[PDB]
Engineer: 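Okay, handing you the structure first.
Heads up: numbering here begins at 1 and tracks the sequence.
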Amino acid sequence: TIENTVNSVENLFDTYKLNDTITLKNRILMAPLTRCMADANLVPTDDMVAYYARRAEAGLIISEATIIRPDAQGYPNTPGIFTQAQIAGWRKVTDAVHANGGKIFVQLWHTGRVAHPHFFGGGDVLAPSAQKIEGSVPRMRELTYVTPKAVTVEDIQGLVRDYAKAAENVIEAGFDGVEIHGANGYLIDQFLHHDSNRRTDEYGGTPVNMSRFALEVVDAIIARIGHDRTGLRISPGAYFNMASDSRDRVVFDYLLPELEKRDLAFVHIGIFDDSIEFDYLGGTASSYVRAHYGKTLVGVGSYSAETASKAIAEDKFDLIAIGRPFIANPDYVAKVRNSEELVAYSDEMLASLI
Ligand SMILES: Cc1cc2nc3c(=O)[nH]c(=O)nc-3n(C[C@H](O)[C@H](O)[C@H](O)COP(=O)(O)O)c2cc1C
Ligand SMILES: CCCCCCCCCCCCCCCCCC
């Protein structure tokens, strides 16, 4: 059991060969963490360069979610990678991480129905279906979510194009690869769940159809940058801006073996506390995926170094992403290596980019 922790987490420091292109120096990933600190042009700042550079002891950094085009924006100051200036800003980040002996993937984002037109000149919010989420944008004054426009198949083609163009830009910006943000209720996840996907065309209504958009995005990105540089984050369990539906499981039962055919760099779970069991998945999100997918898996969500080490020892997943503790402890890896006390995260830490 994971709770029966032991007095060594040596396995976290194992070298891990993702594939013939990339070997990680340890099993510890910096989880993607939106910080809302990019500039008015959504260009990474020199403060963001320093922030990522000081975490280069991680085996791999996954960047904050990075938007693929303007109508993807749902939160303030989230960086993009669709303009030349954005590419140049990210190149400073990746050069600094590499110079510090690290590796970094960008996380490519479209928020779908969680976008807000305040950020993009009053344009249409896009989603699989005209199903609005509840509420308003967090930490902003009165930006109520709107009913999305159900994308047309031409919109879908343009979105696939723009994911692929972003992936090309990512390589120009010097990243080691891309994590596709297929998780946490955002655009790709919206196609994979019945709450958000009420379509009756070739993108809805069956597991094959509901998986089609995700697989088209994956395949278009692989065609641009290669499978060894492409990972995917997924949320089989509904929990953020997503209502649950008992039929969603069979979508993922179809998707996961299809993903295995693409020989991705990794699949990564998107969850906050992986100790939570989901009724519809027969247990935890990671155990569900591990039962349906036989290649490298990144676990995440309320793990300590000790419980992550135990889970990996027990073959539950291969790599551990660490989120909140990497905000509270820039030197997380060194402190874990040296058995030093770690500071607990508090939400108040988000005000500071350190
Ligand atoms: C402030 C904050 C921002 C986040 N932003 C993202 C994001 O950009 N992309 C994403 O996929 N997950 C995001 N997450 C989720 C984390 O990647 C991670 O799954 C979560 O924090 C659980 O891991 P932890 O317990 O180690 O923090 C965010 C989490 C937090 C706390
Ligand atoms: C945007 C990143 C930071 C978000 C902070 C607020 C928390 C969002 C995630 C909530 C995690 C708990 C989910 C409750 C869902 C029920 C599932 C069983």
Side-chain angles (χ1 to χ4, degrees), residues 32 42 63 65-75 78-83 86-87 106-117 119-133 145-172 177-205 208-225 229-235 241-242 251 255 258-259 262 264 270:
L42 313 181
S63 80
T66 297
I67 62 169
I68 66 172
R69 75 191 198 180
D71 70 8
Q73 192 175 1
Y75 308 89
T78 59
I81 195 159
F82 55 91
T83 71
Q86 289 158 4
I87 292 170
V106 77
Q107 189 189 54
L108 290 184
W109 201 20
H110 196 295
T111 59
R113 68 183 180 165
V114 193
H116 197 284
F119 297 112
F120 55 97
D124 292 335
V125 170
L126 302 182
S129 300
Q131 292 298 319
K132 188 183 77 59
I133 65 171
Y145 287 117
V146 304
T147 305
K149 196 199 82 181
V151 286
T152 73
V153 167
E154 305 99 347
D155 286 314
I156 287 171
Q157 292 159 5
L159 282 158
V160 173
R161 169 199 69 202
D162 291 345
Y163 271 107
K165 180 60 170 182
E168 290 183 315
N169 293 345
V170 163
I171 298 297
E172 181 174 344
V178 166
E179 177 178 280
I180 299 161
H181 197 347
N184 300 345
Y186 296 116
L187 179 65
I188 292 167
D189 200 34
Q190 286 156 38
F191 280 91
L192 297 168
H193 293 272
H194 286 272
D195 178 41
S196 44
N197 186 351
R198 316 265 177 119
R199 300 179 75 91
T200 61
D201 69 353
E202 64 266 29
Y203 292 91
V208 163
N209 284 3
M210 291 174 68
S211 295
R212 190 180 307 282
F213 184 73
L215 293 170
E216 284 177 346
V217 169
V218 167
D219 289 341
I221 288 175
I222 288 175
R224 297 310 179 83
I225 74 172
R229 298 191 186 280
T230 304
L232 177 67
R233 206 173 203 202
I234 58 169
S235 294
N241 294 320
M242 192 64 68
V251 178
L255 179 68
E258 285 292 305
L259 291 172
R262 280 74 171 172
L264 300 181

Engineer: If you compare all heavy atoms of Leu255 against all heavy atoms of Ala214, which two are closest, and at what distance to 0.1 Å?
Structural biologist: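 Taking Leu255 first and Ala214 second, the nearest heavy atoms are CD1-CB, 4.4 Å.
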
Engineer: Quick check for you: to the nearest 0.5 Å, what is the distance between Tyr203 atom OH and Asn197 atom CG?
Structural biologist: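 Output value for this atom pair is 11.5 Å.
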
Engineer: Taking all heavy atoms of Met210 and all of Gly205, pick out the closest pair and write down the distance.
Structural biologist: CG-N, 3.7 Å

Engineer: Run the side chain to side chain contact (heavy atoms under 4.5 Å, CB included) check on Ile225 and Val170 step by step: do they pass?
Structural biologist: CA-CA 9 Å; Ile225 74 172; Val170 163; 5.7 Å; no

Engineer: Do you know the tightest heavy-atom contact between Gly270 and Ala183?
Structural biologist: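 So the minimum-distance heavy-atom pair works out to CA-CB, 4.3 Å.
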
Engineer: Could you state the interatomic distance from CD1 (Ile67) to CD (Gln73), rounded to the nearest 0.5 Å?
Structural biologist: 4.5 Å

Engineer: For residues 185-196, which side-chain donor-acceptor pairs fall under 3.5 Å, sequence neighbours excluded?
Structural biologist:
from	atom 1	to	atom 2	distance (Å)
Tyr186	OH	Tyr75	OH	2.7
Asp189	OD1	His193	NE2	2.8
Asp189	OD2	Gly185	N	2.8
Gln190	OE1	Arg113	N	3.0
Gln190	NE2	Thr111	O	3.0
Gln190	NE2	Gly185	O	2.8
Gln190	NE2	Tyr186	O	3.3
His193	ND1	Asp248	OD2	2.7
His193	NE2	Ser235	O	3.0
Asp195	OD1	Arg198	NH2	3.3
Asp195	OD2	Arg113	NH2	3.0
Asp195	OD2	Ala243	N	3.0
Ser196	OG	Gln190	O	2.7
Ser196	OG	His193	O	3.3

Engineer: Could you measure the distance from the CD1 atom of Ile234 to the CD1 atom of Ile180? Nearest 0.5 Å is fine.
Structural biologist: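 Atom-to-atom, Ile234:CD1 and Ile180:CD1 are 11.5 Å apart.
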
Engineer: If you measure from CD on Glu179 to CD1 on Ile221, what distance do you get to the nearest 0.5 Å?
Structural biologist: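 Answer rounded to 0.5 Å: 11.0 Å.
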
Engineer: For the backbone of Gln107 and the side chain of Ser63, can you confirm whether one donor and one acceptor N or O come within less than 3.5 Å of each other?
Structural biologist: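 Between the backbone of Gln107 and the side chain of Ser63 there is a qualifying donor-acceptor contact (under 3.5 Å).
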
Engineer: Could you give the distance from CG (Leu259) to OG1 (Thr230), rounded to the nearest 0.5 Å?
Structural biologist: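 Taking CG in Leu259 and OG1 in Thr230, the distance rounds to 11.5 Å.
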
Engineer: Side-chain contact, heavy-atom cut-off 4.5 Å: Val217 with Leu159?
Structural biologist: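 Side-chain contact under 4.5 Å: no.
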
Engineer: Looking at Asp71 and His110, what are the two nearest heavy atoms and their distance?
Structural biologist: OD1-NE2, 2.8 Å

Engineer: Going through the checks in order, is the side chain to side chain contact (heavy atoms under 4.5 Å, CB included) test met by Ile171 and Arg224?
Structural biologist: CA-CA 9 Å; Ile171 298 297; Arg224 297 310 179 83; over 6 Å; no

Engineer: What are the two closest non-hydrogen atoms of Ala130 and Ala150, and how far apart are they?
Structural biologist: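 Minimum heavy-atom separation between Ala130 and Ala150: N-CB, 4.2 Å.
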
Engineer: Does the side chain of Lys132 reach to within under 4.5 Å of the side chain of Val125, using non-hydrogen atoms?
Structural biologist: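 No - every pair of side-chain heavy atoms lies 4.5 Å or more apart.
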
Engineer: Are any of the side-chain heavy atoms of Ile81 and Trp109 separated by less than 4.5 Å?
Structural biologist: no

Engineer: For the atom pair CZ (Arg69) and OH (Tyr163), what is the distance rounded to the nearest 0.5 Å?
Structural biologist: 9.0 Å

Engineer: Can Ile156 and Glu216 be said to form a side chain to side chain contact (heavy atoms under 4.5 Å, CB included), step by step?
Structural biologist: CA-CA 10 Å; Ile156 287 171; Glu216 284 177 346; 4.2 Å; yes

Engineer: Could you tell me whether a side-chain N or O of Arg199 sits under 3.5 Å from a main-chain N or O of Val151, the two making a donor and an acceptor?
Structural biologist: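 Checked: pair present.
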
Engineer: Ignoring hydrogens, what is the shortest heavy-atom contact between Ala166 and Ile68? Give both atom names and the distance.
Structural biologist: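 Of all heavy-atom pairs spanning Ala166 and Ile68, the closest is CB-CG2, 3.8 Å.
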
Engineer: Given the rule in the side chain to side chain contact (heavy atoms under 4.5 Å, CB included) test, do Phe82 and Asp162 qualify, once you have shown the distances and angles that lead to the verdict?
Structural biologist: CA-CA 8 Å; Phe82 55 91; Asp162 291 345; over 6 Å; no

Engineer: List the residues meeting salt bridge (charged side-chain N to carboxylate O under 4.0 Å, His left out) with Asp155, not counting sequence neighbours, and say none if there are none.
Structural biologist: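 So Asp155 forms a salt bridge (charged side-chain N to carboxylate O under 4.0 Å, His left out) with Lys149.
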
